[PDB]
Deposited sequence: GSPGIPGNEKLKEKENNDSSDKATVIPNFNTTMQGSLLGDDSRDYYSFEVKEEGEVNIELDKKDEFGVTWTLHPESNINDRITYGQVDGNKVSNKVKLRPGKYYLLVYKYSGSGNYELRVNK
């Protein structure tokens, strides 16, 4: 039932994802085109970031460490996904749209 917290349009205002394997609900309607999130890895491992589109629109995501290591989501229909091996540290996850408007769910699986 966890929801994003606007305004979250910059990493300094990112919505904390408190835990792995936890669904975050958000929306990118109208001129809300960016939702920043953050999370912390405590033990090195593979993380599977999964965005589920609840409406058809053009949305993806970009991951980078708080530390040019950058990872992009891979769009496949109504899922935008990737698997990346991450070391302990804090990470920023920018969910942003490139067309249209809609609702989504986000998980950082581990």
| query | finding |
| --- | --- |
| Chain regions without C-alpha coordinates, deposited sequence numbering | 1-9, 77-79 |
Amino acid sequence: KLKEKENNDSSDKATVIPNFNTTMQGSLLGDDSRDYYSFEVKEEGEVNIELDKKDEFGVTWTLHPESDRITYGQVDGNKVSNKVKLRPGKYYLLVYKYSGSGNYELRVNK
From here on, numbers count along this sequence of modelled residues.
| item | value |
| --- | --- |
| Residue gap status of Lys42, at least a third of other entries | no |
| Third-or-more of other entries without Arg69 | yes |
| Mean temperature factor over C-alpha atoms, higher-scoring stretch between 88-96 and 7-15 | 7-15 |
| Higher-scoring stretch by recorded Cα B factor average, 32-40 or 73-81 | 73-81 |
| Ranked C-alpha temperature factor of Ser67 among modelled chain residues, by third | highest |
